[PDB]
Amino acid sequence: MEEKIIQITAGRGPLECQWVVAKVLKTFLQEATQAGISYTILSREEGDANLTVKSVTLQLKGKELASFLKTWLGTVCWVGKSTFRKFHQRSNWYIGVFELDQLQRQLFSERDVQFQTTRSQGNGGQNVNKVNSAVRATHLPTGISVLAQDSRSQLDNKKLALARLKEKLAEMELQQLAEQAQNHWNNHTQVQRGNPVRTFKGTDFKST
Amino acid sequence: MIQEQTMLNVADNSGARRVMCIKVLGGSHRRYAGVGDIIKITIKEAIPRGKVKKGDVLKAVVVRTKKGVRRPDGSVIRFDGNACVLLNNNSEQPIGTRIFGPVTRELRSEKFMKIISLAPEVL
Amino acid sequence: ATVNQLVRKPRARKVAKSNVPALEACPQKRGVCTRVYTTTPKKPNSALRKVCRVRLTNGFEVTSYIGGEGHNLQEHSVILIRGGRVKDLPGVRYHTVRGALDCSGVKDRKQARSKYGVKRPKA
RNA sequence: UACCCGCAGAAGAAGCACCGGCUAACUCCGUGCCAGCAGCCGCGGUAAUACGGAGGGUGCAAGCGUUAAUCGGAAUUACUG
RNA sequence: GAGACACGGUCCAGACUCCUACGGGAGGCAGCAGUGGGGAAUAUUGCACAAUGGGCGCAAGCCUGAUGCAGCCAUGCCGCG
Ligand SMILES: [Mg+2]
Ligand SMILES: [Mg+2]
Ligand SMILES: [Mg+2]
Ligand SMILES: [Mg+2]
Ligand SMILES: [Mg+2]
Ligand SMILES: [Mg+2]
Ligand SMILES: [Mg+2]
Ligand SMILES: [Mg+2]
Ligand SMILES: [Mg+2]
Ligand SMILES: [Mg+2]
Ligand SMILES: [Mg+2]
Ligand SMILES: [Mg+2]
Ligand SMILES: [Mg+2]
Ligand SMILES: [Mg+2]
Ligand SMILES: [Mg+2]
Ligand SMILES: [Mg+2]
Ligand SMILES: [Mg+2]
Ligand SMILES: [Mg+2]
Ligand SMILES: [Mg+2]
Ligand SMILES: [Mg+2]
Ligand SMILES: [Mg+2]
Ligand SMILES: [Mg+2]
Ligand SMILES: [Mg+2]
Ligand SMILES: [Mg+2]
């Protein structure tokens, strides 16, 4: 059972390209359900007019996926006159299909946390020069450390350090999705207008 | 008598001119390294186009010392400076292809026969 | 314009440079096929155009154009460039010779074969 | 040995480029702003002499296109001007 | 010696390539061929000094690998196919 994430995008094209994207997405879903694979919709950001979608993301779950995909991956071309401008001459409209990447999202283990007890660096008083309530939770793979000394109860300091480590790793887990969406974005301008793997002619929408 | 921070000259053509010793190998709390001992060095200044570049950490073998080497008959051979030959950090074989200056027969062994053969004169 | 002015400073000749400077006094300058792609022409034309990136021996870099129909070139390869400029492919000053240190001829061309490097189709 | 004298047979040797205009020379079949691009102006988005093949013409040929490269046309460093 | 401070003459220093018992020694194709390399690209480790005349000698003789020249190549050009 393989997992594939694919993106269908209009590139940097007009409303005709958006309409072609919608039609190709519908045909792709119909063919996938015929082939027996399941799916879910992730993003369906709309275009600018009615029945015009800009880009869509698909989650593919099934078996023998690398054979179903290799007849779709690439550039899909629709040969037909523009329906929004009745006298435009351009006849070929190209849309792109790409294969995306996913991370290894794992729940936070607590067994990866190391605790150090040391002296709270104040100015300071002679009791805080003793107190080893400064708790340092260090995450051994990532090396990220956070210190908690808010309370003079060391159990609460340990709990606060663990909670802060949770929070701060939940900002290293959150700057990876943005970093990979910066990579998803490039696919929009990476569409190449030529060498079509599939061709649909007219409104009859015959495959070729 | 070669310690850490000791500055040695270079007796081959690997490209380096001055090195500085950063470790004496082969024991705990070792103080000194004599003729025939391996040391860990760093390159301090070199020629513009050579096999090694400044700041690299690498191995070496001691060849010439001012302190000298004793012989069974009680004699001693001194020199006017400290020199070493650069070796590979992994295989411990000389990097260059030519040896300058004399050497001694404390290097006569299965490990430094290439150095002995390349040396122009052996004391 | 007067004779006194022209003897105090004579007529200055106009200096002209070439539009294929990377050839460096040579009809060809050797380079490696670093990376191969297709680009799209600007107004008013529209197609896909086949090119290749090339690295010069002196440390520079150029871009070449693949003519004919069908090209079998990949990266990690070394070609040459003959000359000739394509405008609406902004930044392309050279044409690949059909068979220059990596390339082959146009498949099943039948006339004007000398320019596209097709060997003689002989009955 | 240059060269001089006999043998056989068209044999053992005809190919190459461009082609809308500049510039001598454009019809068709395939395709459809795709495949194809030059020296410039510019062709191809269903009717193409500008693309490919066929074909055709024209002109050359032990050579054509590209530079390294020059001069000219350029009176576009102009004393002649 | 007349002659530069010197191609194949001398001495010293230097880098590179070789022979050695380790003490020490030898060498310079930008002469004709040739090899490796570089290139986008250019010939065969051929012969007769028979001639030239440099050269050296009275000369024979010979360096001669410049010369006479070869073999090869569409390289520039010329005339041939
Ligand atoms: Mg109307
Ligand atoms: Mg105070
Ligand atoms: Mg206290
Ligand atoms: Mg042509
Ligand atoms: Mg024309
Ligand atoms: Mg004409
Ligand atoms: Mg064309
Ligand atoms: Mg049209
Ligand atoms: Mg047509
Ligand atoms: Mg001729
Ligand atoms: Mg001129
Ligand atoms: Mg003039
Ligand atoms: Mg004399
Ligand atoms: Mg002289
Ligand atoms: Mg001399
Ligand atoms: Mg000598
Ligand atoms: Mg010589
Ligand atoms: Mg020789
Ligand atoms: Mg030579
Ligand atoms: Mg060579
Ligand atoms: Mg070569
Ligand atoms: Mg040969
Ligand atoms: Mg002679
Ligand atoms: Mg010729």
Side-chain angles (χ1 to χ4, degrees), chain A residues 16 75 77-82 85 87-94 192-197 199 201 208, chain B residues 13 47 97-100 102-103 105 108 116-123, chain C residues 1-7 9-31 38-51 56-58 62 64-71 78-90 92-101 106-118 120-123:
Chain A
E16 297 88 354
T75 295
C77 172
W78 179 68
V79 179
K81 299 300 183 183
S82 168
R85 322 170 181 179
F87 290 139
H88 208 88
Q89 307 268 7
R90 186 173 290 278
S91 176
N92 303 321
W93 313 93
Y94 300 96
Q192 61 99 30
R193 299 147 59 178
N195 284 339
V197 66
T199 303
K201 186 180 289 293
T208 295
Chain B
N13 65 340
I47 62 170
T97 56
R98 184 177 178 179
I99 301 299
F100 311 131
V103 307
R105 292 180 178 90
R108 194 169 296 253
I116 285 296
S117 68
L118 287 175
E121 163 203 348
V122 175
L123 271 299
Chain C
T2 67
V3 290
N4 272 105
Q5 291 172 348
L6 281 179
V7 308
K9 182 174 72 68
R11 295 301 207 181
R13 207 217 200 191
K14 305 184 188 184
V15 55
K17 65 182 181 180
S18 66
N19 47 23
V20 290
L23 284 181
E24 273 204 338
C26 297
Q28 292 82 197
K29 183 75 177 297
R30 178 170 282 184
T38 56
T39 185
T40 297
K42 64 183 183 295
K43 293 182 184 293
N45 298 317
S46 180
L48 283 188
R49 312 267 183 225
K50 277 79 182 169
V51 293
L56 311 190
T57 63
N58 62 347
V62 300
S64 181
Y65 172 72
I66 313 181
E69 293 179 353
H71 84 91
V78 173
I79 54 163
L80 274 181
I81 50 178
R82 74 142 151 95
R85 71 162 281 261
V86 184
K87 178 183 174 67
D88 89 325
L89 279 183
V92 164
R93 305 169 164 251
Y94 310 96
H95 286 189
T96 298
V97 184
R98 280 304 289 211
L101 295 168
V106 167
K107 300 292 184 182
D108 291 331
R109 182 183 290 273
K110 188 65 65 67
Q111 80 198 3
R113 295 179 262 112
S114 313
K115 294 181 176 67
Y116 287 111
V118 176
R120 328 183 85 177
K122 287 175 291 290

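Sequence lines set the chain letters: A, B, ... in the order given, protein chains first and strands last, and positions in each chain run from 1.
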**Asked** Do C12(E) and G53(E) make a Watson-Crick or G-U wobble pair, both distances under 3.5 Å?
**Response** no
**Asked** Atom CD of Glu121(B) and atom P of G24(E): how far apart are they, to the nearest Å?
**Response** 8 Å
**Message:** Suppose we screen for side chain to side chain contact (heavy atoms under 4.5 Å, CB included). Which residues come up paired with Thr57(C), at least two apart in sequence or across chains?
**Reply:** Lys29(C), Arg30(C)
**Asked** Rounded to whole angstrom units, what separation is found between the CG atom of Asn92(A) and the P atom of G32(D)?
**Response** 9 Å
**Fill in**
Once base and sugar-phosphate atoms are separated, protein heavy atoms under 4.0 Å mark nucleotides 57-73 of chain D, 5' to 3', with B, S and - as ---------SBS--S--
**Nucleotides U52(E) and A13(E) paired (Watson-Crick or wobble, under 3.5 Å)** = no
**Request:** Have a look at the sugar of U27(D) and report north or south, taking a positive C1'-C2'-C3'-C4' as north and a negative one as south.
**Result:** north
**Request:** Let me know the distance between NZ of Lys43(C) and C1' of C37(D), rounded to the nearest Å.
**Result:** 19 Å
**Request:** Starting at atom CZ of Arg49(C), determine the distance to atom P of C33(D), rounded to an integer number of angstrom.
**Result:** 13 Å
**Message:** Rounded at 0.5 Å granularity, tell me how far NZ in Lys42(C) sits from NZ in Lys87(C).
**Reply:** 5.5 Å
**Prompt:** Are OP1 or OP2 of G52(D) and a side-chain N or O of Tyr116(C) less than 4.0 angstrom apart?
**Reply:** no
**Item:** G20(D) glycosidic torsion: syn (within 90° of 0) vs anti
**Value:** anti
**Nearest to side-chain heavy atoms of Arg98(B), which nucleotide of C16(E), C79(D), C16(D)** = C16(E)
**Asked** Taking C1'-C2'-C3'-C4' positive as north and negative as south, where does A54(D) sit?
**Response** north
**Whole-Å gap separating P (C79(D)) and NZ (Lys9(C))** = 12 Å
**Message:** Tell me every residue that passes ring-ring contact (aromatic ring centres under 6.0 Å, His included) with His71(C), counting only those two or more places apart in sequence or in another chain.
**Reply:** none
**Complete:** Of the listed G45(D), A40(E), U76(D), the closest approach to the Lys14(C) side chain comes from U76(D)
**Asked** Does the side chain of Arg30(C) get closer than 4.0 angstrom to OP1 or OP2 of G39(E) through an N or O atom?
**Response** yes
**Watson-Crick or G-U wobble pair, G39(E) with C78(E), both distances under 3.5 Å** = no
**Request:** For the pair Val62(C) and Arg93(C), evaluate side-chain contact (heavy atoms from CB on, under 4.5 Å) and give the outcome as yes or no after the intermediate values.
**Result:** CA-CA 8 Å; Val62(C) 300; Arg93(C) 305 169 164 251; over 6 Å; no
**Pucker class of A4(E), where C1'-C2'-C3'-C4' positive means north and negative means south** = south
**Which side the sugar of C5(E) sits on, once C1'-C2'-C3'-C4' is checked for sign** = south
**Prompt:** Is the phosphate of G52(D), meaning OP1 or OP2, less than 4.0 Å from a side-chain N or O of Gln111(C)?
**Reply:** no
**Request:** Decide yes or no, distance alone: a donor-acceptor N/O pair under 3.5 angstrom between the base of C37(D) and the side-chain of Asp88(C).
**Result:** yes
**Side chain of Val86(C) (C-beta onward), nearest among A54(D), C37(D), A35(D)** = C37(D)
**Asked** When only distance counts, do a donor and an acceptor, one from the side chain of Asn45(C) and one from the base of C43(D), lie under 3.5 Å apart?
**Response** yes
**Prompt:** Okay, side chain of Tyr65(C), backbone of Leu89(C): is any donor-acceptor separation there less than 3.5 Å?
**Reply:** no
